[PDB]
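Listing of run.txt; format and content: compact mmCIF, N, CA, C and O atoms.
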# COMPACT_ATOMS: atom_id res chain seq x y z
N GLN A 103 -126.97 79.72 -83.86
CA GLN A 103 -128.24 79.36 -84.48
C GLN A 103 -129.11 78.53 -83.54
O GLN A 103 -130.35 78.63 -83.57
N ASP A 104 -128.49 77.71 -82.70
CA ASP A 104 -129.23 76.90 -81.76
C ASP A 104 -129.67 77.73 -80.55
O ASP A 104 -129.28 78.89 -80.40
N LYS A 105 -130.49 77.11 -79.70
CA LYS A 105 -131.02 77.76 -78.51
C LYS A 105 -130.47 77.14 -77.23
O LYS A 105 -129.90 76.05 -77.22
N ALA A 106 -130.66 77.88 -76.14
CA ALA A 106 -130.31 77.36 -74.82
C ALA A 106 -131.14 76.13 -74.48
O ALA A 106 -130.70 75.26 -73.73
N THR A 107 -132.36 76.06 -75.01
CA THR A 107 -133.16 74.84 -74.92
C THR A 107 -132.46 73.68 -75.62
O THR A 107 -132.21 72.63 -75.02
N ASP A 108 -132.14 73.87 -76.90
CA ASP A 108 -131.48 72.82 -77.68
C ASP A 108 -130.17 72.41 -77.04
O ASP A 108 -129.86 71.21 -76.93
N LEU A 109 -129.38 73.38 -76.59
CA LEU A 109 -128.09 73.07 -76.00
C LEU A 109 -128.25 72.48 -74.61
O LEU A 109 -127.34 71.81 -74.12
N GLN A 110 -129.38 72.74 -73.96
CA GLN A 110 -129.69 72.00 -72.74
C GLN A 110 -129.93 70.54 -73.06
O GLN A 110 -129.50 69.65 -72.32
N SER A 111 -130.59 70.27 -74.19
CA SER A 111 -130.76 68.90 -74.63
C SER A 111 -129.42 68.23 -74.92
O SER A 111 -129.13 67.14 -74.38
N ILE A 112 -128.58 68.86 -75.75
CA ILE A 112 -127.27 68.30 -76.03
C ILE A 112 -126.48 68.12 -74.75
O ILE A 112 -125.75 67.15 -74.58
N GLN A 113 -126.63 69.06 -73.81
CA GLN A 113 -125.89 68.96 -72.56
C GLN A 113 -126.35 67.77 -71.74
O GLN A 113 -125.54 67.15 -71.04
N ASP A 114 -127.64 67.46 -71.80
CA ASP A 114 -128.11 66.22 -71.19
C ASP A 114 -127.41 65.03 -71.82
O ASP A 114 -126.98 64.09 -71.12
N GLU A 115 -127.25 65.06 -73.14
CA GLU A 115 -126.54 63.97 -73.81
C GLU A 115 -125.09 63.90 -73.36
O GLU A 115 -124.54 62.80 -73.17
N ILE A 116 -124.45 65.05 -73.16
CA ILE A 116 -123.03 65.05 -72.84
C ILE A 116 -122.81 64.67 -71.38
O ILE A 116 -121.72 64.22 -71.01
N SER A 117 -123.82 64.86 -70.54
CA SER A 117 -123.73 64.34 -69.18
C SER A 117 -123.96 62.84 -69.16
O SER A 117 -123.35 62.12 -68.35
N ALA A 118 -124.83 62.34 -70.03
CA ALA A 118 -124.96 60.90 -70.17
C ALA A 118 -123.64 60.27 -70.59
O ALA A 118 -123.13 59.36 -69.92
N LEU A 119 -123.06 60.77 -71.68
CA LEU A 119 -121.76 60.26 -72.12
C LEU A 119 -120.69 60.52 -71.08
O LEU A 119 -119.73 59.75 -70.95
N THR A 120 -120.83 61.60 -70.31
CA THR A 120 -119.89 61.89 -69.23
C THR A 120 -119.86 60.74 -68.24
O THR A 120 -118.81 60.13 -68.00
N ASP A 121 -121.01 60.45 -67.64
CA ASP A 121 -121.05 59.39 -66.64
C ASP A 121 -120.81 58.02 -67.28
O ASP A 121 -120.55 57.04 -66.57
N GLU A 122 -120.90 57.93 -68.61
CA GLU A 122 -120.37 56.75 -69.28
C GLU A 122 -118.85 56.72 -69.22
O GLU A 122 -118.26 55.63 -69.13
N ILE A 123 -118.19 57.87 -69.30
CA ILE A 123 -116.73 57.87 -69.25
C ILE A 123 -116.26 57.57 -67.84
O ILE A 123 -115.32 56.78 -67.64
N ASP A 124 -116.89 58.19 -66.84
CA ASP A 124 -116.70 57.72 -65.47
C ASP A 124 -117.03 56.24 -65.37
O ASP A 124 -116.42 55.50 -64.60
N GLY A 125 -117.99 55.80 -66.18
CA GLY A 125 -118.31 54.40 -66.27
C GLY A 125 -117.16 53.53 -66.75
O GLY A 125 -116.98 52.42 -66.27
N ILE A 126 -116.40 54.01 -67.73
CA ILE A 126 -115.25 53.23 -68.18
C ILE A 126 -114.17 53.25 -67.12
O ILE A 126 -113.60 52.21 -66.77
N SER A 127 -113.87 54.44 -66.59
CA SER A 127 -112.84 54.55 -65.58
C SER A 127 -113.20 53.84 -64.28
O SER A 127 -112.31 53.66 -63.43
N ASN A 128 -114.45 53.42 -64.10
CA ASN A 128 -114.91 52.75 -62.89
C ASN A 128 -115.21 51.27 -63.08
O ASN A 128 -114.71 50.46 -62.30
N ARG A 129 -116.01 50.91 -64.08
CA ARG A 129 -116.43 49.53 -64.28
C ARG A 129 -115.27 48.59 -64.52
O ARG A 129 -115.42 47.37 -64.33
N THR A 130 -114.12 49.10 -64.94
CA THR A 130 -112.95 48.28 -65.25
C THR A 130 -112.35 47.77 -63.94
O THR A 130 -111.28 48.19 -63.50
N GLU A 131 -113.08 46.85 -63.31
CA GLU A 131 -112.65 46.20 -62.08
C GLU A 131 -112.09 44.83 -62.41
O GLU A 131 -112.76 43.80 -62.26
N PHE A 132 -110.84 44.82 -62.86
CA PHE A 132 -110.18 43.62 -63.37
C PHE A 132 -109.57 42.89 -62.18
O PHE A 132 -108.67 43.42 -61.53
N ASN A 133 -110.07 41.69 -61.90
CA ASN A 133 -109.72 40.97 -60.69
C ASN A 133 -110.00 41.81 -59.45
O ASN A 133 -109.33 41.68 -58.43
N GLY A 134 -111.02 42.66 -59.51
CA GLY A 134 -111.32 43.59 -58.45
C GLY A 134 -110.54 44.88 -58.50
O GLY A 134 -110.72 45.72 -57.61
N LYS A 135 -109.67 45.06 -59.49
CA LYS A 135 -108.85 46.25 -59.59
C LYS A 135 -109.50 47.27 -60.49
O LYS A 135 -109.58 47.08 -61.71
N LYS A 136 -109.91 48.38 -59.90
CA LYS A 136 -110.34 49.54 -60.66
C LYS A 136 -109.08 50.13 -61.27
O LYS A 136 -108.51 51.10 -60.76
N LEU A 137 -108.60 49.51 -62.35
CA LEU A 137 -107.31 49.88 -62.92
C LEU A 137 -107.36 51.28 -63.51
O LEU A 137 -106.47 52.10 -63.27
N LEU A 138 -108.42 51.57 -64.26
CA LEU A 138 -108.62 52.93 -64.74
C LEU A 138 -109.15 53.86 -63.67
O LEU A 138 -109.61 54.96 -64.00
N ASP A 139 -109.10 53.47 -62.40
CA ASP A 139 -109.02 54.48 -61.36
C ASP A 139 -107.80 55.32 -61.65
O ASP A 139 -106.66 54.83 -61.54
N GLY A 140 -108.02 56.56 -62.05
CA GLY A 140 -106.91 57.48 -62.17
C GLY A 140 -106.09 57.60 -60.91
O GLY A 140 -104.90 57.89 -60.98
N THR A 141 -106.70 57.35 -59.74
CA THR A 141 -105.96 57.40 -58.48
C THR A 141 -104.90 56.31 -58.41
O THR A 141 -103.84 56.52 -57.80
N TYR A 142 -105.17 55.15 -59.01
CA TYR A 142 -104.43 53.93 -58.69
C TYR A 142 -102.94 54.10 -58.92
O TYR A 142 -102.12 53.72 -58.07
N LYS A 143 -102.56 54.65 -60.07
CA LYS A 143 -101.15 54.85 -60.40
C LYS A 143 -100.98 56.26 -60.94
O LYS A 143 -101.00 56.49 -62.15
N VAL A 144 -100.83 57.20 -60.02
CA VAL A 144 -100.34 58.55 -60.30
C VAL A 144 -98.91 58.59 -59.80
O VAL A 144 -98.59 58.04 -58.74
N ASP A 145 -98.03 59.22 -60.57
CA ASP A 145 -96.65 59.38 -60.12
C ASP A 145 -96.57 60.31 -58.91
O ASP A 145 -95.81 60.04 -57.98
N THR A 146 -97.33 61.40 -58.93
CA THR A 146 -97.57 62.29 -57.79
C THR A 146 -96.38 63.20 -57.48
O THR A 146 -96.46 64.01 -56.55
N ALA A 147 -95.29 63.07 -58.23
CA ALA A 147 -94.03 63.74 -57.89
C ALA A 147 -93.55 63.36 -56.49
O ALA A 147 -92.85 64.14 -55.84
N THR A 148 -93.93 62.17 -56.02
CA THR A 148 -93.51 61.68 -54.71
C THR A 148 -93.78 60.18 -54.62
O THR A 148 -94.72 59.69 -55.26
N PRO A 149 -93.01 59.42 -53.84
CA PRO A 149 -93.38 58.03 -53.55
C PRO A 149 -94.39 57.86 -52.43
O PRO A 149 -94.56 56.73 -51.95
N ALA A 150 -95.06 58.93 -52.01
CA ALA A 150 -96.04 58.85 -50.93
C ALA A 150 -97.11 57.81 -51.21
O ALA A 150 -97.43 56.98 -50.34
N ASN A 151 -97.69 57.82 -52.41
CA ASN A 151 -98.67 56.81 -52.79
C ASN A 151 -98.74 56.69 -54.30
O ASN A 151 -99.35 57.53 -54.97
N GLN A 152 -98.11 55.64 -54.84
CA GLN A 152 -98.13 55.35 -56.27
C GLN A 152 -98.74 54.01 -56.60
O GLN A 152 -99.50 53.92 -57.56
N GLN B 103 -100.86 41.86 -59.74
CA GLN B 103 -102.15 41.52 -60.33
C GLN B 103 -103.01 40.71 -59.35
O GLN B 103 -104.24 40.83 -59.35
N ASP B 104 -102.38 39.90 -58.51
CA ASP B 104 -103.11 39.11 -57.54
C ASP B 104 -103.51 39.96 -56.34
O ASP B 104 -103.11 41.12 -56.22
N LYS B 105 -104.32 39.37 -55.46
CA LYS B 105 -104.82 40.04 -54.27
C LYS B 105 -104.24 39.44 -53.00
O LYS B 105 -103.69 38.33 -52.98
N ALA B 106 -104.40 40.19 -51.90
CA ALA B 106 -104.02 39.68 -50.59
C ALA B 106 -104.87 38.47 -50.21
O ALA B 106 -104.43 37.61 -49.46
N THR B 107 -106.10 38.42 -50.72
CA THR B 107 -106.91 37.21 -50.59
C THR B 107 -106.25 36.03 -51.29
O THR B 107 -106.00 34.98 -50.67
N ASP B 108 -105.95 36.19 -52.58
CA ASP B 108 -105.33 35.13 -53.35
C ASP B 108 -104.00 34.70 -52.74
O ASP B 108 -103.71 33.50 -52.62
N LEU B 109 -103.20 35.67 -52.32
CA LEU B 109 -101.90 35.35 -51.75
C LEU B 109 -102.03 34.78 -50.35
O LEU B 109 -101.12 34.10 -49.87
N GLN B 110 -103.14 35.06 -49.68
CA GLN B 110 -103.43 34.35 -48.45
C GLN B 110 -103.70 32.89 -48.74
O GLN B 110 -103.27 32.00 -47.99
N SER B 111 -104.40 32.61 -49.85
CA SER B 111 -104.59 31.23 -50.27
C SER B 111 -103.27 30.54 -50.57
O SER B 111 -102.98 29.46 -50.02
N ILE B 112 -102.44 31.15 -51.43
CA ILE B 112 -101.14 30.57 -51.74
C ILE B 112 -100.33 30.40 -50.46
O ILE B 112 -99.61 29.41 -50.30
N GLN B 113 -100.44 31.35 -49.54
CA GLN B 113 -99.68 31.26 -48.31
C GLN B 113 -100.14 30.09 -47.46
O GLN B 113 -99.32 29.46 -46.77
N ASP B 114 -101.43 29.79 -47.48
CA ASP B 114 -101.91 28.57 -46.84
C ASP B 114 -101.24 27.36 -47.47
O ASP B 114 -100.81 26.43 -46.77
N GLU B 115 -101.11 27.37 -48.80
CA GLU B 115 -100.43 26.26 -49.47
C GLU B 115 -98.97 26.17 -49.04
O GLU B 115 -98.44 25.07 -48.85
N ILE B 116 -98.31 27.31 -48.88
CA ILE B 116 -96.88 27.30 -48.59
C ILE B 116 -96.63 26.94 -47.14
O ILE B 116 -95.54 26.47 -46.78
N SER B 117 -97.62 27.15 -46.27
CA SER B 117 -97.51 26.65 -44.91
C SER B 117 -97.76 25.15 -44.86
O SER B 117 -97.14 24.44 -44.05
N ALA B 118 -98.66 24.66 -45.70
CA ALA B 118 -98.82 23.21 -45.82
C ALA B 118 -97.51 22.56 -46.26
O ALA B 118 -97.00 21.66 -45.59
N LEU B 119 -96.94 23.04 -47.37
CA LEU B 119 -95.67 22.50 -47.83
C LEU B 119 -94.56 22.76 -46.81
O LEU B 119 -93.62 21.98 -46.70
N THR B 120 -94.68 23.86 -46.06
CA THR B 120 -93.71 24.14 -45.01
C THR B 120 -93.67 23.01 -44.00
O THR B 120 -92.63 22.38 -43.78
N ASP B 121 -94.81 22.74 -43.37
CA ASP B 121 -94.84 21.70 -42.36
C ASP B 121 -94.63 20.32 -42.98
O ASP B 121 -94.38 19.35 -42.26
N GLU B 122 -94.76 20.21 -44.30
CA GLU B 122 -94.27 19.01 -44.97
C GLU B 122 -92.75 18.96 -44.95
O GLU B 122 -92.17 17.87 -44.85
N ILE B 123 -92.07 20.10 -45.06
CA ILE B 123 -90.61 20.08 -45.04
C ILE B 123 -90.11 19.79 -43.63
O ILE B 123 -89.18 18.99 -43.44
N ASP B 124 -90.70 20.44 -42.63
CA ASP B 124 -90.50 19.99 -41.25
C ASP B 124 -90.84 18.51 -41.13
O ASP B 124 -90.23 17.77 -40.36
N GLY B 125 -91.83 18.07 -41.91
CA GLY B 125 -92.17 16.67 -41.97
C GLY B 125 -91.05 15.79 -42.47
O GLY B 125 -90.87 14.67 -41.97
N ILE B 126 -90.29 16.24 -43.47
CA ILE B 126 -89.17 15.43 -43.93
C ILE B 126 -88.06 15.45 -42.89
O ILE B 126 -87.50 14.41 -42.54
N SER B 127 -87.74 16.64 -42.39
CA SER B 127 -86.68 16.75 -41.40
C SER B 127 -87.02 16.07 -40.09
O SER B 127 -86.12 15.89 -39.26
N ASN B 128 -88.28 15.67 -39.88
CA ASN B 128 -88.71 15.03 -38.65
C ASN B 128 -89.04 13.55 -38.80
O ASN B 128 -88.54 12.74 -38.03
N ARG B 129 -89.87 13.19 -39.79
CA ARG B 129 -90.32 11.81 -39.95
C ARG B 129 -89.17 10.84 -40.21
O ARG B 129 -89.33 9.64 -40.00
N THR B 130 -88.02 11.34 -40.65
CA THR B 130 -86.88 10.50 -40.98
C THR B 130 -86.26 9.99 -39.68
O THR B 130 -85.17 10.40 -39.27
N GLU B 131 -86.98 9.09 -39.02
CA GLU B 131 -86.54 8.46 -37.79
C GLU B 131 -86.00 7.07 -38.11
O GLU B 131 -86.69 6.06 -37.93
N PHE B 132 -84.76 7.04 -38.59
CA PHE B 132 -84.13 5.82 -39.09
C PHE B 132 -83.51 5.10 -37.91
O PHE B 132 -82.58 5.62 -37.29
N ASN B 133 -84.02 3.91 -37.60
CA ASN B 133 -83.65 3.20 -36.38
C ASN B 133 -83.89 4.07 -35.15
O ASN B 133 -83.19 3.94 -34.15
N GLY B 134 -84.90 4.93 -35.21
CA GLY B 134 -85.16 5.88 -34.15
C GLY B 134 -84.36 7.16 -34.23
O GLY B 134 -84.51 8.01 -33.35
N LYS B 135 -83.52 7.31 -35.25
CA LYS B 135 -82.67 8.49 -35.38
C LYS B 135 -83.33 9.50 -36.29
O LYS B 135 -83.44 9.29 -37.50
N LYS B 136 -83.71 10.62 -35.70
CA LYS B 136 -84.14 11.78 -36.47
C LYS B 136 -82.89 12.35 -37.12
O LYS B 136 -82.30 13.32 -36.64
N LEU B 137 -82.45 11.70 -38.20
CA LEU B 137 -81.17 12.05 -38.80
C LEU B 137 -81.21 13.43 -39.41
O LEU B 137 -80.30 14.25 -39.20
N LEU B 138 -82.27 13.73 -40.14
CA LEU B 138 -82.47 15.08 -40.64
C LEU B 138 -82.96 16.04 -39.57
O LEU B 138 -83.42 17.14 -39.90
N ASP B 139 -82.89 15.67 -38.30
CA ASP B 139 -82.77 16.69 -37.28
C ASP B 139 -81.54 17.50 -37.60
O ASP B 139 -80.41 17.01 -37.51
N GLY B 140 -81.75 18.74 -38.01
CA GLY B 140 -80.64 19.65 -38.18
C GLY B 140 -79.78 19.77 -36.94
O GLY B 140 -78.59 20.04 -37.03
N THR B 141 -80.37 19.55 -35.75
CA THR B 141 -79.60 19.60 -34.51
C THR B 141 -78.56 18.50 -34.45
O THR B 141 -77.48 18.70 -33.87
N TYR B 142 -78.86 17.33 -35.03
CA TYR B 142 -78.13 16.11 -34.70
C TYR B 142 -76.64 16.25 -34.96
O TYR B 142 -75.81 15.87 -34.13
N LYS B 143 -76.28 16.78 -36.13
CA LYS B 143 -74.88 16.95 -36.50
C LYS B 143 -74.70 18.36 -37.06
O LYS B 143 -74.74 18.56 -38.28
N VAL B 144 -74.51 19.31 -36.16
CA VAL B 144 -74.01 20.64 -36.47
C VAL B 144 -72.56 20.67 -36.00
O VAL B 144 -72.24 20.13 -34.94
N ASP B 145 -71.70 21.28 -36.80
CA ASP B 145 -70.31 21.42 -36.39
C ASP B 145 -70.18 22.37 -35.20
O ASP B 145 -69.41 22.10 -34.27
N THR B 146 -70.93 23.47 -35.21
CA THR B 146 -71.13 24.38 -34.08
C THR B 146 -69.92 25.27 -33.81
O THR B 146 -69.97 26.10 -32.89
N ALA B 147 -68.85 25.12 -34.58
CA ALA B 147 -67.58 25.77 -34.28
C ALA B 147 -67.07 25.41 -32.89
O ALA B 147 -66.33 26.18 -32.27
N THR B 148 -67.45 24.23 -32.39
CA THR B 148 -67.01 23.75 -31.09
C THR B 148 -67.30 22.26 -30.96
O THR B 148 -68.26 21.77 -31.57
N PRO B 149 -66.52 21.50 -30.19
CA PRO B 149 -66.90 20.12 -29.87
C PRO B 149 -67.90 19.98 -28.73
O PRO B 149 -68.07 18.86 -28.23
N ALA B 150 -68.54 21.07 -28.31
CA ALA B 150 -69.50 21.01 -27.20
C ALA B 150 -70.59 19.98 -27.45
O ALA B 150 -70.90 19.18 -26.56
N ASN B 151 -71.19 19.99 -28.63
CA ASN B 151 -72.19 18.99 -28.97
C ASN B 151 -72.30 18.85 -30.48
O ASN B 151 -72.91 19.69 -31.15
N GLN B 152 -71.70 17.79 -31.02
CA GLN B 152 -71.75 17.48 -32.44
C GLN B 152 -72.39 16.14 -32.74
O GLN B 152 -73.18 16.04 -33.69
Take the structure in the file and give it back as structure tokens.
Amino acid sequence: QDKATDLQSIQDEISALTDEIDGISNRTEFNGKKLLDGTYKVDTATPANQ
Amino acid sequence: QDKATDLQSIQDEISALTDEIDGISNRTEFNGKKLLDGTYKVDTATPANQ
């Protein structure tokens, strides 16, 4: 029922909320630690970098 | 949780207390005897110098 125009609008909203989620995973610099850096603690199936 | 910066600070403190401990083992010049010279009375597993 909606249009590509309307869904372009919603998609603008979802990119806003998107970079807000990157915002949570980034702004969480606790004592300088980007803890919600997904990189910070990945098991990686190796002890190369955890 | 701490940083290499913070632990550099604590390490400065532990070097201060360190040279304080050398301070105890050195300043104890009783009648001129650095008694807490660890050198002064080592058994050494020999009578070479005790």
Check: What residues in chain B have any atom no more than 8 Å from chain A when counting only N, CA, C and O atoms, and can you write them as a count of residues only?
Finding: 3
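With CA of residue 144 in chain A on one side and atom O of residue 115 in chain A on the other, the separation reads 27.7 Å.
Interatomic distance, atom C of residue 121 in chain B against atom N of residue 140 in chain B: 13.9 Å.
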Exercise on range 148-151 of chain B, axis-aligned box with 5 Å per side, report centre and edge lengths in Å to one decimal, as lines of an AutoDock Vina configuration file:
center_x = -69.7
center_y = 21.5
center_z = -29.5
size_x = 16.4
size_y = 15.4
size_z = 15.8
Next item on the list: Measure the distance from atom N of residue 131 in chain A to atom N of residue 119 in chain A in Å and round it to one decimal.
Entry: 19.1 Å
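In the backbone-derived DSSP annotation, strand (DSSP E) within chain A comprises residues 131, 132, 135 and 136 of chain A.
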Next item on the list: Based on DSSP run over this structure's backbone, return all residues of chain A in helix (DSSP H, G or I), as an NGL selection string.
Entry: :A and (106-129)
Mind writing chain A to a file for me, with C-alpha atoms, as a compact mmCIF listing (two decimals), in the first residue's frame?
# COMPACT_ATOMS: atom_id res chain seq x y z
CA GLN A 103 0.00 0.00 0.00
CA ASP A 104 2.92 2.35 0.67
CA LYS A 105 5.21 3.88 -1.95
CA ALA A 106 8.92 3.87 -2.66
CA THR A 107 8.73 7.54 -1.68
CA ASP A 108 7.18 6.72 1.69
CA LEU A 109 9.58 3.84 2.26
CA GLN A 110 12.45 6.12 1.33
CA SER A 111 11.24 8.31 4.18
CA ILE A 112 11.04 5.39 6.61
CA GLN A 113 14.45 4.27 5.37
CA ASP A 114 15.86 7.67 6.25
CA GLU A 115 14.46 7.07 9.73
CA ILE A 116 16.01 3.61 9.91
CA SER A 117 19.40 4.98 8.90
CA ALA A 118 19.07 7.58 11.64
CA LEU A 119 18.30 4.87 14.18
CA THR A 120 21.04 2.80 12.54
CA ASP A 121 23.80 5.29 13.23
CA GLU A 122 22.24 5.66 16.66
CA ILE A 123 22.95 1.95 17.20
CA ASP A 124 26.50 2.44 15.97
CA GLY A 125 26.21 5.33 18.39
CA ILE A 126 25.58 2.99 21.31
CA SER A 127 28.29 0.56 20.25
CA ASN A 128 30.69 3.53 19.94
CA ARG A 129 29.86 6.23 22.51
CA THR A 130 30.24 3.68 25.33
CA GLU A 131 33.81 4.77 26.05
CA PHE A 132 33.98 3.70 29.69
CA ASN A 133 37.29 4.87 31.13
CA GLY A 134 38.23 5.28 27.47
CA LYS A 135 37.13 1.72 26.67
CA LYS A 136 34.85 1.33 23.69
CA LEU A 137 33.48 -1.73 25.46
CA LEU A 138 30.63 -2.25 23.04
CA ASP A 139 33.23 -2.25 20.35
CA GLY A 140 32.24 -5.61 18.98
CA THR A 141 35.93 -5.97 18.11
CA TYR A 142 37.09 -5.68 21.71
CA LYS A 143 36.14 -9.17 22.91
CA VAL A 144 35.46 -11.63 20.11
CA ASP A 145 36.39 -15.21 20.85
CA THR A 146 37.53 -15.54 17.20
CA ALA A 147 37.99 -19.32 17.47
CA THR A 148 41.62 -18.43 18.26
CA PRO A 149 43.72 -16.67 20.95
CA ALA A 150 45.20 -14.43 18.22
CA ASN A 151 43.32 -11.39 19.52
CA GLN A 152 40.64 -11.57 22.23
